[PDB]
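Take a look at the structure set out below.
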Amino acid sequence: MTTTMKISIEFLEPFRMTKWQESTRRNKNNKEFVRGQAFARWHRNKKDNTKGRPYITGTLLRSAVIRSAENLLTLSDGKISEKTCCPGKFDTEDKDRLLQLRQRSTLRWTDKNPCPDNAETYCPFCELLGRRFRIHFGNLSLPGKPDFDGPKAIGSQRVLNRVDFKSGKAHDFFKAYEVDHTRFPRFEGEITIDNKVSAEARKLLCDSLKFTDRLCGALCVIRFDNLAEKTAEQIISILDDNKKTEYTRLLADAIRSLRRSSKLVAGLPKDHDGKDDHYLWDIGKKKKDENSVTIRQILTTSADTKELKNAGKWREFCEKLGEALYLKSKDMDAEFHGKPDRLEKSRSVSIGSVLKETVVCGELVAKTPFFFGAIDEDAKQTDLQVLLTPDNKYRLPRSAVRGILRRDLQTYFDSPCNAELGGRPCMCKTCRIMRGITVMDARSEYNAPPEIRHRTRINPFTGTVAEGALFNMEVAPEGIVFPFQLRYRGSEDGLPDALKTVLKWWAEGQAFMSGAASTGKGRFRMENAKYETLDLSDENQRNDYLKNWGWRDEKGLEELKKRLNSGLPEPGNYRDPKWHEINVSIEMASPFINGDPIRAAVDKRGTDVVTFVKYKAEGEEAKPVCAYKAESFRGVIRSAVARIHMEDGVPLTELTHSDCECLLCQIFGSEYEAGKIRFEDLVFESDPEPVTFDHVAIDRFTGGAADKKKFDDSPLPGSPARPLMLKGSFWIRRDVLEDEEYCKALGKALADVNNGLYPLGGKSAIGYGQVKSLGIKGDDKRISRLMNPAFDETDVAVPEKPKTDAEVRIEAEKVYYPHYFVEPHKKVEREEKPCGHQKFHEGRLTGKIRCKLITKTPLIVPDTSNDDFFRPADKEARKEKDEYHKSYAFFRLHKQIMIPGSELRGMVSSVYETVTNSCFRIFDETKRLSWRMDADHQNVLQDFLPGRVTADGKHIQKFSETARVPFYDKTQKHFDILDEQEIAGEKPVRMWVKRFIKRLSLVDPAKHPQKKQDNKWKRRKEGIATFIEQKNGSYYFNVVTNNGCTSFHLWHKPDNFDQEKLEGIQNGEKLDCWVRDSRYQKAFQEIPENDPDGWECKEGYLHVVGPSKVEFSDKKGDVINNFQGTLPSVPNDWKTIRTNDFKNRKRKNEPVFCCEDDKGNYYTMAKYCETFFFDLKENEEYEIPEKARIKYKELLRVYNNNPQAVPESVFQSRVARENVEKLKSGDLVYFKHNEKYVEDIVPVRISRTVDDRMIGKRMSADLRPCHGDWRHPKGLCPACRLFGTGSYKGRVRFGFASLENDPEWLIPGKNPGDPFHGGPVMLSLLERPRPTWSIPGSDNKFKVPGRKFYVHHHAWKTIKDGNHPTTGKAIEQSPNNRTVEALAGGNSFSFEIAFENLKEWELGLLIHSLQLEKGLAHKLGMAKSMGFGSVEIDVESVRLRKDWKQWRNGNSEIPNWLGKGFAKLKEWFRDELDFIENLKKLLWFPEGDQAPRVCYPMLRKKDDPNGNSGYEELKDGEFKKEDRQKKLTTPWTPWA
RNA sequence: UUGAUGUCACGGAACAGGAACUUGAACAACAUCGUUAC
RNA sequence: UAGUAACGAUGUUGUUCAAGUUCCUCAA
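Numbering (PDB author numbering), first residue to last: 1 to 131, 145 to 238, 260 to 366, 379 to 1316, 1336 to 1601.
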């Protein structure tokens, strides 16, 4: 007796879902069960396990149908078909149940009796209301009834908001679950209708089901009828197996950046030679063990797996791999929800019968990168995320659009709302329009990953970043189009005036929707707007509206979009939107950089930092453009404002901005209110191709390139020819331009920015940024009227340089050295506090210094961007893998000769820090030295005893003595009778050891007058002689000693003076002879067949080292000559090398081995013996500390890394041939000890000695790098206060020098008529410096000498011709020298030095270090150990700065500052200024007719035509060991 | 997997404040091997 | 009965980034 009607809803928007709670907090007292009643619920079976499906109750649909019936019943004057309708009853006497009452002001129609319950025929509204069930509503569930694994498998919980209006930041908040409509678009259920209900109530129910449009926060229409985890573990294992565990976060951040495309792995950077040993992309490979994969190979084999071929799979793989790597690198609340007021009776009111409908279509594109904060969980790498669709599409929710419409409608009026989330509906002017507005969501179909931006915060007391201020941010691209549709229904004749004015504001590109609007986030623009007004008051238009469910679905929308008229309606009352656009145009003159290190790590160029480049969308693809960030420009302008205004004493940079109405808190905003000025990005108006500049860090002592301190950067090029224009804009509020107090502050800040200060970008300390001019327009000269520059009276000329007094006596026929260190003082002061990069102090100076550089000796500043500049034409380009002869050009930027700022900065910094006796800026406090020890018994080789380490590496057992066993000889055989188990020293052997041999003579008393001048014949006694056999050269004898106690057999070779004693020997005569003992320390295996004497059989260890001591050469030495032809080849394995020739051929002295390899090398091998350690003394051992093992590790690292070694691997020692790295349990050791502690361990008899301390502990404690903590503390060296340091910005900025006259090269080019290119000159070897010549020994006597100032001379006239500076022979090219292009004397450059907050004694010393006296000169460039680079600097106008209006050129104040500087120099050091005298002696330039010949010595005296006693004769006598420091300190000591 | 005589939740902008920056001449002369003889 | 003395050859490149901060405030 029922009639089931099957219904089915279909969502067109992401609906919302509530949270599940147990059946105890399901009353009217919970504040989360209420406010969660208008959503869908989540039912889970088997409670306490999150597993179920969502559903929608029937009471919500019943309430919606009742509301739609009330709204539809008054539109036809209360008559459905024929009969009139009763008003209905909405009152209940019981109120302990019915958890929620109605506060709605029920509509009215035809007021009459409420049809009391005691009836027999009701009104159709009574039958629809339900007065066993009359109209039963069923639950809506999913079609197939599935079972999911929780509410986080179908949706995602996002946080909603409630912002304020005056202090427009926030209030409480709440959150809910929302499910997408593309995955769950359908719900099904039924309604059980009785038989005899009516024939007009069914029509009302059908029209009410067709009239309802939204159920759960969304529009609807009701119808009726494993690789990435293991890849992360493998990468982590690779990073842990090596020592590269500090590259993990950079690896995570650079791997996450590869999610844009899979064609980025085949373009990763390489080395500088094109190899595959990058410092982070090629970790894992070694010298051996080929089966070791790198990270590049892992990423290359994972890009094509037939699973990560799509974009989404590769994107997800990269995202979770970066998340896993970040999580591995890591370990190295109040929601005001509800409270609706329980009202007893609703105040029924009538609204009439006039109802219209307006549909506004169109779309809104983006003009700035937008942002919608949706920071979710399970992703902690970005910490500022955007809102995306489950298919990675960008969307804007309708809640943000509704809130922005509310804000704009409150702005159109002048009255904010006063609601408090409860009670009766509010009836203000902006809540009666907001109650008829319906909007929709968007998708934008872009589907691309968003870029990441890095932001910081700078401490305004030191100039660096603050502690703990560094964070990321991701923004959506620019140019994405969203579909738009607004629908309004009311009683007016169309749209109201407020909505028309707001839409006219939005059609002008002033729709600031959401995001970080203070830094120039999303600003949209509504385009292609259409509108059409319907009329639901009649019956021939309402039935056509109800026939097709309105026009909400896609088919109805495609039919409706053919009826809308174009163009928005004009408003009756305009309101002149309250935001004004101001354009900004900056023009530069120097390079520009905006750092981005992750992009430089991914880029294929192979640099360290690259400039910032943003993307923009063209509908489906992204294109990159270089720009300047908006946050950096906002920070620059904010710091320009904050440093001028005082606000009651302390400047705006020291305030906390807690509860103050400061000038920064009313324009730029704070954490309590929003700002009133919004900035934007700045494009570059062109296509600037980046260039690459190489840098280096030159050591102070032994001036050369320091370790691990080579780098480069890729800035955008700028020069005075092409000035790199910048274009941008920013928005200001309307009620700020009308104020006269804030516009003055903005004008002052922009005038201080225009006047040269505040450079934009990165490394401004070397001449980057340097804003040339700034011009704004679009404000009716309200701000651009204080931006006029001014001056003072500029006529006074600069004083001249003083005359010098330090002179030297240089004579002829003498040679000089080029190093001459400068010994410093012992008082480095650190008792002054730094100033602070805040407001401009009163008693300090700021301005510009214009200089003028002029060379007087050829200058070499190379362009290291490309080699082979002097390459011949019309030939092959280049072989892939070879070592050619490098050749460079001069430095050019835009085809213009220039000098960088870092060169001049380093030069002036060296002179200034050697004048004031400050801390050594850069140094190498590691790398302990080592020296080869001499070969002499008494001084060094007496203390080195033979030893052997025990079974554990803790003790060393010493031996008694040693004797040498002959190998590689021809008179024995020791290789084929001994295996490899006893020649490695791991098994003791048994040899026969002889100590003293006995020579023989004939007659002593008749030898006196011609011989016996060697006093060795003092131990002869007597001896009888026999004769048993005959030999060709010797004679056999049996000699007794004194009484016949023993007899020894020998072979005696006679001579001229003992040939008369024997004529014919008859085997039985008794000759007389004398026996003398001689030293003979040998040991054989079995016995020799020449000396049958008593050999003492001993027991000990035997060892070998290999054939060492090769005198290899290339010029057929004295031992290779006079040979017997056909020199053999080198054997491929040892233990078979024998003796070929003898060195002495009269006697049978030292044998050699001459051979020849495939090249022109000729080896001659000594060392026909090995050593044998016997008599191991037990129970006496010495401990090994850690210092000895550190020294041994250093010794092994020096032995194994040598470029001057023998090219053959067979003639090396055991240490270098087998590449050992530790000391084993039993091995060869020559150790040194004293009283149970060992000191030194050397492998061979004559090896090198490593010193105990490092080179940093050989100085004073004050001369070390003045860096560290000892606002900023007061412990800084005097040179790290003018120039910067770490955690302290320096207040001196240099600039690019530019040539103004004609080039005037050294030698003319190959093409006449083109005076812009020079000729090539070839230089000498230029080998690296040796710090082991200034510090000869290692005990305590040799401290670290000074700062290595090169002297001035003229030795470029010998290089220009083609000869050598030392000898006179012509130099020949090789893959070790260069061919540079140089300038000549008589060229002029010009640059500028900007300074700020300097004292009056620091400026005087800076001027004294810039310009020297009238006899000195500076020295910059390449190869200044010859005569190459001698410049002098004259200082022009020094115009100061005293206010933001006038600048007051101070040329007539120099002679005061200089004096004050010297006064300070007298205050610190009283009368101990000898270092300044030496520095003035070392900068002296030859004024005339003086030709000092300086050069480096050769190795010996036989390899130079002058015969000047090269380095091997200078180590004795003049520069022996104790006169080295003394002679190398005096500014001009003869080279001798 | 809801109760019926009463649900404005399309009744609420995840908003407000922050300079990828500080320091650094692309340069530069004396070392490398071990033993032989008495 | 013991351990003493210093000699012989002439050839050759190196660093390519290092030290810092990598999340907080206003709220709760």
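From the three backbone atoms N, C-alpha and C, an ideal C-beta is built for every residue, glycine too.
Pull up the distance between the alpha-carbon of residue i and that of residue j, whole angstroms please.
| i | j | result |
| --- | --- | --- |
| residue 1496 | residue 1449 | 11 Å |
| residue 1398 | residue 974 | 14 Å |
| residue 718 | residue 727 | 26 Å |
| residue 67 | residue 447 | 26 Å |
| residue 1391 | residue 804 | 42 Å |
| residue 708 | residue 721 | 13 Å |
| residue 1195 | residue 1204 | 30 Å |
| residue 868 | residue 1537 | 14 Å |
| residue 1141 | residue 989 | 29 Å |
| residue 743 | residue 1261 | 34 Å |
| residue 342 | residue 205 | 52 Å |
| residue 895 | residue 274 | 53 Å |
| residue 775 | residue 801 | 20 Å |
| residue 576 | residue 610 | 6 Å |
| residue 1286 | residue 1274 | 13 Å |
| residue 1328 | residue 90 | As shown, the structure holds no coordinates for residue 1328; the chain passes over it, running from 1316 to 1336. |
| residue 751 | residue 745 | 6 Å |
| residue 1363 | residue 1460 | 20 Å |
| residue 1348 | residue 859 | 44 Å |
Is residue i near residue j, with beta carbons less than 8 Å apart?
| i | j | result |
| --- | --- | --- |
| residue 1359 | residue 951 | yes |
| residue 1375 | residue 849 | no |
| residue 1322 | residue 407 | Absent from the coordinates is residue 1322, which sits in the stretch where the chain moves from 1316 straight to 1336. |
| residue 680 | residue 565 | yes |
Which residues in the same chain have their Cβ closer than 6 Å to the Cβ of residue i, if we skip the five residues on either side of it in sequence?
| i | result |
| --- | --- |
| residue 711 | 703 |
| residue 1574 | 1566 |
| residue 1072 | 1084 |
Using C-beta distances below 8 Å, list every residue in its chain close to residue i, excluding the 5 sequence neighbours before and after it, in chain order.
| i | result |
| --- | --- |
| residue 822 | 628, 629, 630, 631, 796, 829, 830, 833 |
Which residues in the same chain as residue i place their Cβ atom closer than 7 Å to its Cβ, once the five residues preceding and following it in sequence are excluded?
| i | result |
| --- | --- |
| residue 701 | 708 |
| residue 871 | 963, 1534, 1537, 1540 |
| residue 1427 | 1435, 1436 |
For residue i, which residues does DSSP report across the bridge?
| i | result |
| --- | --- |
| residue 1046 | 1121 |
| residue 1159 | 1208 |
| residue 1382 | According to DSSP, residue 1382 bridges with nothing at all. |
Point to revise | Inter-stretch contact (C-beta, 8 Å, three-pair minimum) for the region 525-538 and the region 504-515 | key: no
Practice item. For the region 157-175 and the region 189-204, state whether three or more C-beta atom pairs, one from each stretch, are separated by less than 8 Å. Key: Touching, yes, given that three or more Cβ pairs across the two stretches are closer than 8 Å.
Exercise for review: Answer yes if the region 904-924 comes into contact with the region 1427-1434, meaning at least three C-beta pairs across the two stretches below 8 Å, and no otherwise.
Suggested key: no
**Study point:** Three or more C-beta pairs below 8 Å linking the region 643-652 and the region 461-473
**Key:** no
Exercise for review: Say whether the region 974-985 touches the region 1297-1305, bearing in mind that this needs 3 or more beta-carbon pairs closer than 8 Å, one atom from each stretch.
Suggested key: yes
Exercise for review: Decide if the region 1028-1039 is in contact with the region 1116-1123; the criterion is three or more beta carbon pairs, one per stretch, under 8 Å apart.
Suggested key: Between the region 1028-1039 and the region 1116-1123 there are fewer than three C-beta pairs closer than 8 Å, too few to call the two in contact.
Check your understanding: With contact counted as at least three CB pairs below 8 Å, one residue from each stretch, are the region 74-82 and the region 41-54 in contact?
Key -> Between the region 74-82 and the region 41-54 there are fewer than three C-beta pairs closer than 8 Å, too few to call the two in contact.
Review point. Contact between the region 103-115 and the region 173-184: three or more CB pairs below 8 Å?
Key: no
Review point. Does the region 146-153 come close enough to the region 198-218 to have 3 or more Cβ pairs within less than 8 Å?
Key: yes
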